[PDB]
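Readers should treat all values here as calculations from the given coordinates under stated rules, not as data from a laboratory. No Cβ is skipped: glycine too gets one built from the backbone with ideal geometry, and neighbour counts run over all protein chains shown.
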Amino acid sequence: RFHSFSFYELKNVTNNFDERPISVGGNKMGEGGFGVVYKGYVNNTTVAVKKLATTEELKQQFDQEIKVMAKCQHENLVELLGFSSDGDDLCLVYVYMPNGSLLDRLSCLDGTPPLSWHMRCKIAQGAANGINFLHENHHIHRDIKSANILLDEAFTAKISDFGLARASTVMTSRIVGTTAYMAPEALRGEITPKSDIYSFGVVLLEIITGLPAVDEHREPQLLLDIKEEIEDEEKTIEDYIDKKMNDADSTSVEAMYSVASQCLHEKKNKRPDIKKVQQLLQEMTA
Ligand SMILES: CC(C)Oc1nc2nc([C@]34CO[C@](C)(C3)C4)cn2cc1C(=O)Nc1cccn(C2CC2)c1=O
């Protein structure tokens, strides 16, 4: 049900893959670990075009993205419109997300207004609903992070990047992911949906605090260490709450923090499963 583009077609609608950032006059919107994401236009639809960038491993991920996207349709997952396998360079074409990534909105990149606490609650709920869909359908995402949660015009959260996804224990020799988000067992090469939960907990800390998961010029460098600072009585969650908010109440903030803390159990089998995380976040706003 996806459309088969040709590489030249996606080229001409992206200003010939103009790699300059959008803010500077080009078409580059961002980049990840596996390619460059370009803004484009086909017919009357604005689209995002990921031009993928070992070469054998890249092709397998490209095929996995299509396979997963074909079987996984949900309002909290990004939508694939088509692809281009013509020639050597591979492209995936997605529905455009007018509010970009959660990572960029939490940092207010390019001058966007800070996200309200009410919007942050709806985003956390939506991202949990998307992870719940993946796990119900026996997919492990393996790369949950704020850069992989995109936002549409109503700030509905949409999980992206299923190149590394796996069916759902199991150890692997190729260890992939973003270290500042990964569970300890994922860092050791275990593949388990329990690791998706841990990474989501880090995302919840980003939502609460507005801080990046890792910052070289901050103490602590790693966000997940603040749970230890709070736990050993040195600090409180209120000391870290994003100050770029005036609609956050301590009761629901602490409720979200409680979920993140539960997700961030170092021991995998003490973590809640995604259905419980889903319920806890629903109980937050009731
Ligand atoms: C996050 C980047 C890579 O992407 C974007 N960035 C965007 N920024 C803005 C603006 C507008 O005004 C600002 C001030 C700039 C915020 C909009 N915006 C849309 C996208 C976008 O649609 N990206 C994706 C769509 C589908 C899937 N994927 C994953 C699969 C690769 C995407 O990355």
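Given Cβ point charges of +1 (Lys, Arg) and -1 (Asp, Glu) and nothing else, what value in debye, to the nearest 20, does the dipole of the range 1-107 about its Cα centre take?
It works out to roughly 260 debye.
Sticking with the crude label model, points 7 Å out along Cα→Cβ, report the distance from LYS71 to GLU228 in nm, one decimal please.
Label-label distance for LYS71 and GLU228, simple model: 3.8 nm.
So if I average 1/r over every pair of distinct C-alpha atoms in the chain and take the inverse, what Kirkwood radius in Å does that give?
19.6 Å is the Kirkwood radius here.
Place the peptides 249-256, 133-140, 176-183, 201-208 in order of packing, highest mean first, counting for every residue the other Cβ atoms within 10 Å and averaging per peptide.
Ranked by mean Cβ neighbours within 10 Å, highest first: 201-208, 176-183, 133-140, 249-256.
For the range 11-89, rounded, prolate or oblate, judged on the Cα gyration tensor with a ≥ b ≥ c (square roots of eigenvalues), a/c < 1.5 rounded, else prolate if a/b > b/c?
In terms of gyration-tensor shape, oblate.
Please say if the range 71-162 is rounded, prolate or oblate, where rounded means a/c under 1.5 for a ≥ b ≥ c the square roots of the C-alpha gyration tensor eigenvalues, and otherwise the choice is prolate for a/b larger than b/c and oblate otherwise?
Here the range 71-162 falls in the oblate category.
Which of the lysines could a cross-linker bridge to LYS51, judged by Cα under 16 Å and excluding same-chain residues fewer than eight apart?
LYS11, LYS28, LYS39, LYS59
Applying 1/(1 + (r/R0)^6) with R0 = 22 Å to the Cβ-Cβ distance of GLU79 and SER250, what FRET efficiency is obtained, to the nearest 0.05? Before the final figure, lay out each step's value.
Working: r = 37 Å, r/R0 = 1.68.
Using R0 = 22 Å, I get an efficiency of 0.05.
When the Cα centres of the range 127-159 and the range 208-277 are compared, how far apart do they sit, in Å?
Taking the Cα centre of the range 208-277 as reference, the centre of the range 127-159 is 19 Å away.
In debye, nearest 20, what is the charge dipole magnitude of the chain about its Cα centre with +1 on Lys and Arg Cβ and -1 on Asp and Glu Cβ, if you could check?
On the way: 31 positive and 43 negative charges, 182 e Å.
Charge dipole, the chain, about its Cα centre: 880 debye, nearest 20.
Tell me which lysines have Cα within less than 22 Å of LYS275's Cα, excluding those fewer than 8 residues away on the same chain?
Within the straight-line cut-off, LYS275 pairs with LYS71, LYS122, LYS145, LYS158, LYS194, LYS267.
I need the calculated FRET efficiency for the pair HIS138 and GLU283, taking r as the beta carbon distance and R₀ as 22 Å, to the nearest 0.05.
0.25
Let me know the Rg and Dmax you get for the range 1-155 when you use only its Cα atoms, in Å.
Cα-based Rg and Dmax for the range 1-155 come out at 15.7, 46 Å.
Could you sort the peptides 154-161, 122-129 by per-residue average Cβ neighbour count (10 Å cutoff), highest mean leading?
Details: 154-161: 20.8, 122-129: 22.4.
Per-residue Cβ counts within 10 Å, averaged per peptide and sorted highest first, yield 122-129, 154-161.
Could you tell me which of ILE175, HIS265, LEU151 has its Cα farthest along the dipole of the range 97-285 towards the positive end, charges placed at Cβ (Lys, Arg +1; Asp, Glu -1), taken about the Cα centre?
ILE175
Sorting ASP63, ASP104, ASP143 on the 10 Å Cβ count, fewest up front, what's the list?
Ordered from fewest to most neighbouring Cβ atoms within 10 Å, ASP63, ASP104, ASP143 come out as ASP63, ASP104, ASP143.
Using +1 at the C-beta of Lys and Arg and -1 at the C-beta of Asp and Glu, which of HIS3, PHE83, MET29 has the Cα lying farthest in the positive direction of the dipole of the range 2-96?
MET29
Using +1 at the Cβ of each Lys and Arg and -1 at the Cβ of each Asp and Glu in the chain, identify which of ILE207, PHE162, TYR240 lies farthest towards the dipole's positive end.
Sorting the options by dipole projection puts first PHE162.
Starting with the fewest neighbours, write out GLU219, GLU65 ranked by other beta-carbon atoms found within 10 Å of each beta-carbon.
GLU219, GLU65
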